[PDB]
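Next up: just one chain, as structure tokens, the form deposited without ligand MRY.
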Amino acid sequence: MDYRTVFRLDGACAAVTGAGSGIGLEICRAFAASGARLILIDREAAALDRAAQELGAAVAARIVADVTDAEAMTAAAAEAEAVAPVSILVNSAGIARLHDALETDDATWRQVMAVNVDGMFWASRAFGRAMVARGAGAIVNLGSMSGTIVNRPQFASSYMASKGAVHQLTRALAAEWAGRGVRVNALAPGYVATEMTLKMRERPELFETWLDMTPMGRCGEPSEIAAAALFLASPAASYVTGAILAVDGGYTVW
């Protein structure tokens, strides 16, 4: 094996949903440093305009699209594939909403499940079709430790349910496409210091518990999550499929 290039993505084109912020943006930085071209996908146009400057020439296309709109995902894949064959997909678009179960508005349950699960399936179906047609591809889904355990003390049962579905969706597609050369894996991060968690990290009644139940005693930085996505997306992970990789500072060990 050539280990000095096994983690690189030279020649590849990767689509990333949720590319305008947070983990998804950091994954774009990791993938551009590793030689990939990028299809940036996000619902928020101004975030894509910022990303595309921090990324420059690695950027092959910039597609404003809602992952919950199935037809917009199938259009996004066809737009991307006219630019370059897309061999990597990262599903990072996702949302998290706090709600107590007995006081849950129906729309909040529905929205969290639509972005985190349904939109991951529309994007994986859209982009996975040409990968299956080529007989090669790699998908990396953003699961969570919340697909394995339940967070404390805050409540958000739609988020835990949505991430249990992401982990099984990952595994389902891994099994169905394994014979067709497309690997599908998920990260299960612990708390990460981004745009999704900053409001809760400013309430000591949550944050002190979150650190106390992490053996490493800190949140992860986005780059620690992006380095693991780069491993799963690269040829170094060529025998890894259907895996749920904990990247959580030990949270799920206790």
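Position 1 is the first residue in the sequence shown; the rest follow in order.
Omitted from view is the form solved in complex with ligand MRY, to which the following refers.
The pocket of the unliganded chain is judged open, since ligand MRY, transferred from its pose in the deposited complex by superposition of the C-alphas around the site, places no atom within 2.4 angstroms of any backbone or C-beta atom. Residue 98 belongs to the set of residues with a heavy atom inside 4.5 Å of ligand MRY in the deposited complex.
None of the heavy atoms of residue 87 is located within 4.5 Å of ligand MRY in the deposited complex. Though the partner is left out of this view, residue 74 does not reach within 4.5 Å of ligand MRY in the deposited complex, counting heavy atoms only. In the deposited complex, ligand MRY lies farther than 4.5 Å from every heavy atom of residue 121.
Between 100-108, 169-177, 132-140, 156-164, the stretch whose residues reach within 4.5 angstroms of ligand MRY in the deposited complex through a non-hydrogen atom is 156-164.
Looking at 186-200, the one residue that comes within 4.5 Å of ligand MRY in the deposited complex, counting any heavy atom, is 191.
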